[PDB]
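Just below is one structure, and these are the notes that go with it.
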Amino acid sequence: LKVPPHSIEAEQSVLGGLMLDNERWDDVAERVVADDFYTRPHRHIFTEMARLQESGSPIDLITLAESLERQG
Amino acid sequence: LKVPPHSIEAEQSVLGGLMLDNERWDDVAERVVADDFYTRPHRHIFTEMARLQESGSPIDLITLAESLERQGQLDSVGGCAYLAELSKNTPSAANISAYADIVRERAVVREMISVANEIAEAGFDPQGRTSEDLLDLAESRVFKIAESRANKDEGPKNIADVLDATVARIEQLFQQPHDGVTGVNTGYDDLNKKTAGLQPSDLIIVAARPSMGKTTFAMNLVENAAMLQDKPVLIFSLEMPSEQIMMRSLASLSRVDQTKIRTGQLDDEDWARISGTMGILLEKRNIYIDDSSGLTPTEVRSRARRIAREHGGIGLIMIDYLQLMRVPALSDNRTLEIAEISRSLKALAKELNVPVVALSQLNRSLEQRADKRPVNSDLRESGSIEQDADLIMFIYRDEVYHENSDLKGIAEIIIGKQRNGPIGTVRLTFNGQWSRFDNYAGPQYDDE
Amino acid sequence: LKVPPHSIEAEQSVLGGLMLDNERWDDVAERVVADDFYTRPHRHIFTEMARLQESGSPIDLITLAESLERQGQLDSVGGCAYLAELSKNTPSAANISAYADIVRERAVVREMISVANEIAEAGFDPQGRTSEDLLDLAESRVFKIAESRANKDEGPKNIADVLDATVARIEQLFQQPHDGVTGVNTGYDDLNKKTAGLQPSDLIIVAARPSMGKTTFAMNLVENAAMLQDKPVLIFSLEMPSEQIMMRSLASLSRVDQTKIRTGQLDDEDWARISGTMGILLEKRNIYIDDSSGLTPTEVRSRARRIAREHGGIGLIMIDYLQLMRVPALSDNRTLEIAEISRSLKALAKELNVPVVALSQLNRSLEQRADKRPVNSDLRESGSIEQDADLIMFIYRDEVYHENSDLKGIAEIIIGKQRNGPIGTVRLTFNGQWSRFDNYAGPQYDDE
Amino acid sequence: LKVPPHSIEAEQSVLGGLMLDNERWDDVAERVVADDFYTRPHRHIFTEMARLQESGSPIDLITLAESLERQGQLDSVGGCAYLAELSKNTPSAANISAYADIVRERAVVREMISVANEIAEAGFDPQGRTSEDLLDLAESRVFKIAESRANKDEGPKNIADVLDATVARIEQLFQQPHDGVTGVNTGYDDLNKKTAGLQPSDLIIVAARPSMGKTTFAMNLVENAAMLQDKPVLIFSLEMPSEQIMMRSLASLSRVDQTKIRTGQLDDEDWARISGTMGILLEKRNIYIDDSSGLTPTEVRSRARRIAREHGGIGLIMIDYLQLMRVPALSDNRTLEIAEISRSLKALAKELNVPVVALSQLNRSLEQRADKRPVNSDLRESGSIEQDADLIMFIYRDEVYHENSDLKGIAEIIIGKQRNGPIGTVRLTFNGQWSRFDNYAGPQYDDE
DNA sequence: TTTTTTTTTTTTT
Ligand SMILES: Nc1ncnc2c1ncn2[C@@H]1O[C@H](COP(=O)(O)OP(=O)(O)O)[C@@H](O)[C@H]1O
Ligand SMILES: Nc1ncnc2c1ncn2[C@@H]1O[C@H](COP(=O)(O)OP(=O)(O)O)[C@@H](O)[C@H]1O
Ligand SMILES: Nc1ncnc2c1ncn2[C@@H]1O[C@H](COP(=O)(O)OP(=O)(O)O)[C@@H](O)[C@H]1O
Ligand code: ALF
Ligand code: ALF
Ligand code: ALF
Ligand SMILES: [Mg+2]
Ligand SMILES: [Mg+2]
Ligand SMILES: [Mg+2]
């Protein structure tokens, strides 16, 4: 089982920073997309993050937790 | 087991936030109330908070703890540590609106779930109630749910409210003495008399046959808007590269034969003029160009939003042109695709409160007629282009069709539609060499 | 477990009665169906009985058993022995009707129980659904449940009652000393002669090409109706903001060129007239404006009923315009979507007993003819728009198409369809500056 | 084991009717012969009656038993007991026409099966026969079945018949017209000739564009049928309330301008006419009208059967209109939904033996052509409407499309299909004021 | 399977 090329640490840094700040969303929106993330959990979080952002709502742990909870 | 929905953390944040800043008290109070919480101690804290606010006492930890201790509810809700933890987990007070909005949503869902349980309880056991009564209770409960929302969806509005807003708008328009130009200045005084500028929230359209000056006129509008105000203007050039557009603009502003610019056979005076134009443009710096091809309506909206957010709003956006945009979801039916694009452009204008100037092409049926001036029903593939547009300007140069025309170098701006305003024709001198439309100083010919 | 209420005795008595006396099968069919039975074997037996009866085969203990064996359901239902026991249990079909109603009540109770269960699940597992989605779901389920109670009592039956009801209405109208007008007063004498006002329970339609004046005419009818009666009038402006609608209606009533109102260049006399209009509007307070975009037929019904309930009925409903309404279910077939919208609006008018005025657009095929007067088959996407409307009015302004036309500032209201009246043309004056249509007091031209 | 199709009841009913009435034996003999049955003893009986008719002896129980006893066939046919039973099965001798046709139809089907069996036999065992022999044998058999049917409208008339018809009709015309009609009266003499009335078990169709008199014509047929018979008539008005339908009927029967009735501006003379009409209608009391909306083929069948059983049969059924019925099961394919609806109506029509009139709409393609007269291909969603229809009438009014046409107030009924008789055009006068059609007494232009 | 809206080429009156 050859290891597919991926970097979890970079993904974790990107997801955490976006949680910290909202002004850089554009910086990452152009660069990466939901399909970019390797692990499905990260893919789910980014999709929820995008859904909140395009709704014009603040990004935070509580908002993300509820939004992910809504979709199960 | 099924746990009724609730957000303890959000309940913590809303309670925590107000203790720092009380200015957002109205925002939290109007949005949510103590009945929205799922945990009883939180309801007790908010009830105390509302009482303290009504008493004029500042909202803070010390005042809250004092009130709870005096009332004896401090033990029930915790204490100094518990209330300190309440504010500790708050991410930011500014976000409190979202936390309050979340709390409202959880309460609404709980209210709906309770109603569903009440409906199920009533249905399972008639308790002497007939079928019709059960329908009535369901209707009454549903109406209550739609009643407890407190609008939130812009339902029908009484006429008294509308009159108050409209008369206010007219009164403020009275004060500012603009004398004709309510919207963006077009730069051609004959055109301002009819359009009164490019009004915000409009979908303007410029249409003409190929090589009639459609991109030459639009760029003149963009140049005049940039120099006659201070807000950024955004250009989506899906047809030509950015370099070609700028080569024309230098020729227009500096009034230098664009053949020399494109070819490089420039003299000393031409260099002097171009240097003057460059200084002016770099002094303002409020023009943005995006020459990417085949953009979808979503990409157009996203990029416009970012420019507006960063630079404090937009003043005008131009699209060149409408039919080059793509909607991949609707690609089997070109008629539906064009209708979707037109609707999106109108929606974008409303959202940003900015005029959108989208160019368009024309059918070939115009060329089978004895009279070759355009009409509304010539717009290409135009299902709803004629219906959504609030203003339609056609460019017609008679010299193209009749060589011996008397109107040599006199273009006509035919206003084919204007929702709020008259229609007519405007004559402008066309200097193709400089890629420019100028005011027609000649004698005014009455329009029929 | 929560066993749903049921009465197998009524089902068994009905089944025995059908097998004994097949003549009373109508009594069962007019109260219950195959799916009303608590036990599935009863449902299979009823369905087989219906198939046999529809084929002319008698419903007895032999034919039903033979049919079940051929279809293979004889094993699932139990066999001939179960049918034999059902025959023994039921004495006679003398009281079959009472049992059928009980089974209908049980079937209804099972349905409302299921609806309550579904709603509870949705609240417990919204799966991301917003509060509105469940609200509309609750409304639809209530409407479906009440549907069985709408028309389930009587069918054709009497004619004597039809004559009694009809003659009574003629007497009421005869006694009432009205001047030909029986519906809402349009405000234009020539139009009242042909239409006799906007009749209740009708679907009126106004159509024309872009910028012909569909909204200008429609708002004039709204203003005249509001001033000439007391019941509220409701407006759905899916296209223009409420503010723009008010500016037009403020210019029409006060007769002030709307150019000044829009631009704010008003003198003292204009402010006097606008003040007079505001006084009159605020005295009545029976106009409601809703400018939400993209409303489904369900939302239109919900908001219309709420206004009627609060203010004791409606007098007129205006929609601007048909094609802008949405039906997400039928979002693939546009033709079916338009057909559904038209059917719903006609039903809404009948339900509330109030004329509904819905505007519409026209095809481009009109613009390829020598005679450019609209006809019924020009309505856009119009599957059943022509087939459902009770009255269709077209707006034609000749001066738009011929600059030399003698009819300058004259509009023709072409009545393209009317089920219960003549068709013809009515000529009015168009004052665009004021956004108004006026009676054509000038010389009258007989209509061929 | 596949049992060849047959109709035992038809055989028994035909035999009994012949025994009772002897003057109609010729009609039965021409339509069906002894060999056309399925059971040998019944064929023997028919041979006995044919022999008796050849000798001229009366045909009845006594004569039939005498002939059978003399020939020894009395025991073969079960004796005199079965001879009496044959008449006991027959309700009446007048209805022998339908039973004889069924016997002929089964005979044709049996012959087809035998030919198919012979075809399989030859193909399975060529015996040396070339493919040409097999094909020629098959072709000859097909022609025998097709040509061994008699009937009418089966080819070009020869010369001898034409000459006799020419001289015969020339002689008759200059003396008297000699109109036969001899059909289920529709009230219009010119229409009875081309249709022989509305024959039972058919599925008639009326089609036209919106607002063409489609409902006006159907109501006139229902009224005329009601007065000229005693059997009840039924109406399913899925579009207009019973009040509006009754208002039109009062205007039509009493010949009163229906605008006055709608607005109530009547006088003493008009009230006298209406009172007279109400007396006549209540005297008969044989019209039933249902205004339920969105019915299903099951619901109409149940209601129609109930009315028939209560009052002993239905003389006519009218539906307004076809496309408005609903079939929830097939609620995804409209084409299949309409196909099921049309099939169900035809099944009901033959099941009750009563004409069924169903209205239908038309496409918009009709208006595209230069000739706007409808054709059978214009029926809307016509998956199977044309196939099942036994008679199709289109309503046309040239005045609608041409103001200067000389056919003012003239409506053409275009028969686009018919089982028996020709297809042509029938002119009528359309008095819209009274919501009525009248016989075209004017110059009867020769139809080309 | 049916109804709708847009292009482009031919033939006729
Ligand atoms: N140097 C020049 N001299 C004269 N005419 C020119 C020159 N450069 C461009 N034009 C003219 O300007 C016209 C407008 O071009 P353009 O705006 O690209 O048309 P559109 O964008 O409507 O297709 C063209 O018809 C072209 O002939
Ligand atoms: N100040 C004005 N002077 C002259 N004509 C005007 C003025 N304001 C509006 N109009 C005309 O009134 C018409 C009204 O258009 P509108 O009511 O929007 O039609 P629709 O609603 O069918 O699109 C427009 O065609 C416009 O040209
Ligand atoms: N008083 C009247 N004067 C002239 N024509 C009338 C009058 N009343 C009704 N009509 C005409 O009778 C026709 C009947 O239409 P209708 O039968 O409802 O159409 P459909 O064929 O769709 O059922 C209408 O087109 C209407 O114009
Ligand atoms: F060349 Al073009 F619109 F025809 F830019
Ligand atoms: F602008 Al419109 F009908 F064409 F309101
Ligand atoms: F008026 Al209709 F079918 F078009 F009854
Ligand atoms: Mg261009
Ligand atoms: Mg409008
Ligand atoms: Mg009708």
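Can residue C:383 be described as within 16 Å of ligand 6 (Cβ to nearest atom) and touching a helix residue (DSSP H, G or I) at 6+ places or on another chain (Cβ under 7 Å)? Explain how you work it out, then say what you get.
Numbers: within 16 Å of ligand 6 (Cβ to nearest atom): yes; touching a helix residue (DSSP H, G or I) at 6+ places or on another chain (Cβ under 7 Å): yes.
The answer is yes for residue C:383.
On the basis of being touching a residue at least 60 places away in the same chain (Cβ under 8 Å), facing another protein chain (nearest Cβ under 9 Å), outside any helix (DSSP H, G or I) and more than 16 Å from ligand 9 (Cβ to nearest atom), does residue C:422 make the cut? Outline the logic, then answer.
Working: touching a residue at least 60 places away in the same chain (Cβ under 8 Å): yes; facing another protein chain (nearest Cβ under 9 Å): yes; outside any helix (DSSP H, G or I): yes; more than 16 Å from ligand 9 (Cβ to nearest atom): yes.
The answer is yes for residue C:422.
Considering segment C:131-140, the residues that are over 18 Å from the mean Cα position of the chain (by Cα) and more than 7 Å from every other protein chain (Cβ to nearest Cβ) include one that is surrounded by the most Cβ atoms within 10 Å (Cβ to Cβ), namely C:137.
Would you point out the residue of segment B:174-207, among those that are among the polar types (S, T, N, Q) and in contact with a helix residue (DSSP H, G or I) (Cβ under 6 Å, 6 or more places away or on another chain), that is nearest to the other protein chains (Cβ to nearest Cβ)?
Narrowing segment B:174-207 to residues among the polar types (S, T, N, Q): B:175-176, B:182, B:185-186, B:192, B:195, B:199, B:201.
Checking the rest, the ones that are also in contact with a helix residue (DSSP H, G or I) (Cβ under 6 Å, 6 or more places away or on another chain) come to B:182, B:186, B:201.
On the way: B:182: 6, B:186: 15, B:201: 8 Å.
Per the criteria, the residue is B:182.
For segment D:292-302, the count of residues that are under 19 Å from the mean Cα position of the chain (by Cα) and touching a residue at least 40 places away in the same chain (Cβ under 8 Å) is nonzero. The residues in segment C:241-265 that are more than 30 Å from residue B:346 (Cα to Cα) and not hydroxyl-bearing (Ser, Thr, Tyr) can be counted, and the count is 1. On the stretch given as segment D:303-314, residues that are within 12 Å of residue C:156 (Cβ to Cβ) and within 8 Å of chain C (Cβ to nearest Cβ) total 3. Residue C:119 meets the conditions (1) touching a residue at least 12 places away in the same chain (Cβ under 8 Å); (2) more than 14 Å from chain B (Cβ to nearest Cβ); (3) among the hydrophobic types (A, V, I, L, M, F, W, C); (4) buried (at least 18 other Cβ atoms within 10 Å of the Cβ) in every case but one. The failed one is (2). The set of residues in segment B:84-143 being of a type in the set (D, E, K, R) and either in contact with a strand residue (DSSP E or B) (Cβ under 6 Å, 6 or more places away or on another chain) or not in a helix (DSSP H, G or I) (or both) consists of B:125, B:129. Can you tell which of D:3, D:28, D:33 is under 26 Å from residue D:114 (Cα atoms) and surrounded by fewer than 16 Cβ atoms within 10 Å (Cβ to Cβ)? Testing whether each residue is under 26 Å from residue D:114 (Cα atoms) and surrounded by fewer than 16 Cβ atoms within 10 Å (Cβ to Cβ) leaves just D:3. Any chance segment C:370-392 includes a residue that's assigned to a strand (DSSP E or B), away from ligand 3 (no atom under 16 Å from the Cβ) and crowded, with 19+ Cβ neighbours inside 10 Å? No, segment C:370-392 contains no residue that is assigned to a strand (DSSP E or B), away from ligand 3 (no atom under 16 Å from the Cβ) and crowded, with 19+ Cβ neighbours inside 10 Å. Which pairs do you get when a residue that is without any contact (Cβ under 8 Å) to a residue 40 or more places away in the chain, found in segment D:197-218, comes within reach of a residue that is within 8 Å of ligand 3 (Cβ to nearest atom) and assigned to a loop (DSSP other than H, G, I, E, B), reach meaning Cβ atoms under 9 angstrom, with the pair 6+ apart or on two chains? Within 9 Å, the pairs are D:211/C:419; D:211/C:423. I'm checking my understanding of the structure. Among residues of segment B:167-217 that are of a type in the set (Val, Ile, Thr) and touching a strand residue (DSSP E or B) at 6+ places or on another chain (Cβ under 8 Å), which one is farthest from ligand 8 (Cβ to nearest atom)? It comes out as B:216. Determine whether residue B:74 is buried (at least 18 other Cβ atoms within 10 Å of the Cβ), without any contact (Cβ under 8 Å) to a residue 12 or more places away in the chain and more than 14 Å from chain A (Cβ to nearest Cβ). Taking the combined requirement at face value, the residue satisfies it.
Hey, could you check segment C:227-243 for residues that are away from ligand 2 (no atom under 16 Å from the Cβ) and surrounded by fewer than 23 Cβ atoms within 10 Å (Cβ to Cβ) and say which is nearest to residue C:315 (Cα to Cα)? Write out each step before concluding.
Pass one, segment C:227-243, residues away from ligand 2 (no atom under 16 Å from the Cβ): C:227-234.
Now narrow it down to the ones that are surrounded by fewer than 23 Cβ atoms within 10 Å (Cβ to Cβ): C:227-231.
Numbers: C:227: 11, C:228: 11, C:229: 8, C:230: 8, C:231: 5 Å.
Taking the candidates together, the pick is C:231.
All told, residue D:277 falls short of being among the polar types (S, T, N, Q), closer than 29 Å to residue D:363 by Cβ and either more than 16 Å from ligand 3 (Cβ to nearest atom) or crowded, with 18+ Cβ neighbours inside 10 Å (or both).
Here's a check for you: in segment B:347-362, which residue that is more than 14 Å from every other protein chain (Cβ to nearest Cβ) and away from ligand 1 (no atom under 16 Å from the Cβ) is surrounded by the fewest Cβ atoms within 10 Å (Cβ to Cβ)? Let's see the steps before the verdict.
Restricting attention to segment B:347-362, the residues satisfying the condition of being more than 14 Å from every other protein chain (Cβ to nearest Cβ) are B:354-361.
This time we only want the ones that are away from ligand 1 (no atom under 16 Å from the Cβ), so: B:354-356.
Numbers: B:354: 23, B:355: 25, B:356: 27.
Applying the filter and picking the extreme gives B:354.
Among the candidates C:259, C:296, single out the residue that is within 11 Å of chain B (Cβ to nearest Cβ), away from ligand 9 (no atom under 16 Å from the Cβ), at negative phi and among the β-branched types (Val, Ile, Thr). Before you say what the answer is, go through the steps one by one.
Values: C:296 fails: within 11 Å of chain B (Cβ to nearest Cβ).
From the options C:259, C:296, the qualifying one is C:259.
The rows are residues; the columns are (1) loosely packed, with under 13 Cβ neighbours inside 10 Å; (2) among the acidic types (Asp, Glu); (3) more than 10 Å from chain C (Cβ to nearest Cβ); (4) farther than 30 Å from residue B:376 by Cα.
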position: B:143; (1), (2), (3), (4): no, no, no, yes
position: B:149; (1), (2), (3), (4): no, no, no, yes
position: B:156; (1), (2), (3), (4): no, no, no, yes
position: B:167; (1), (2), (3), (4): no, no, no, yes
position: B:172; (1), (2), (3), (4): yes, no, no, yes
position: B:209; (1), (2), (3), (4): no, no, yes, no
position: B:214; (1), (2), (3), (4): no, no, yes, no
position: B:221; (1), (2), (3), (4): no, no, yes, no
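Of D:54, D:9, which residue is acidic (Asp, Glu), surrounded by fewer than 16 Cβ atoms within 10 Å (Cβ to Cβ) and under 27 Å from the mean Cα position of the chain (by Cα)?
Working: D:54 fails: under 27 Å from the mean Cα position of the chain (by Cα).
None of the other options fit; the residue is D:9.
Only one of the listed residues (B:344, B:365) is more than 14 Å from chain A (Cβ to nearest Cβ), farther than 24 Å from residue B:212 by Cα and either more than 15 Å from ligand 1 (Cβ to nearest atom) or surrounded by fewer than 19 Cβ atoms within 10 Å (Cβ to Cβ) (or both). That residue is B:344.
Can you pull out every residue in segment D:12-24 that is under 23 Å from the mean Cα position of the chain (by Cα) and surrounded by fewer than 22 Cβ atoms within 10 Å (Cβ to Cβ)? Quick ask: steps written out before the conclusion?
Of all residues in segment D:12-24, those under 23 Å from the mean Cα position of the chain (by Cα) come to D:13-14, D:17, D:24.
Hit for segment D:12-24 is D:24, nothing else.
When you go through C:403, C:448 one by one, which is the residue that is away from ligand 2 (no atom under 16 Å from the Cβ), over 34 Å from the mean Cα position of the chain (by Cα) and not β-branched (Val, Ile, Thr)? C:448 is the lone residue from the list that is away from ligand 2 (no atom under 16 Å from the Cβ), over 34 Å from the mean Cα position of the chain (by Cα) and not β-branched (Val, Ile, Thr).
Looking at C:317, C:338 in this structure, which one is touching a residue at least 40 places away in the same chain (Cβ under 8 Å), crowded, with 20+ Cβ neighbours inside 10 Å and either closer than 21 Å to residue C:136 by Cα or over 13 Å from the mean Cα position of the chain (by Cα) (or both)?
On the way: C:317 fails: either closer than 21 Å to residue C:136 by Cα or over 13 Å from the mean Cα position of the chain (by Cα) (or both).
The conditions single out C:338.
Taking the listed residues B:430, B:394, the one that is among the hydrophobic types (A, V, I, L, M, F, W, C), more than 12 Å from chain C (Cβ to nearest Cβ), within 16 Å of ligand 7 (Cβ to nearest atom) and farther than 23 Å from residue C:400 by Cβ is B:430, with no other qualifying.
Considering the conditions (1) under 36 Å from the mean Cα position of the chain (by Cα); (2) surrounded by 17 or more Cβ atoms within 10 Å (Cβ to Cβ), residue D:92 is excluded by exactly one of them, (2).
Coordinate-derived values only; no laboratory data. Virtual Cβ from ideal backbone geometry, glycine too; neighbours counted across all protein chains shown.
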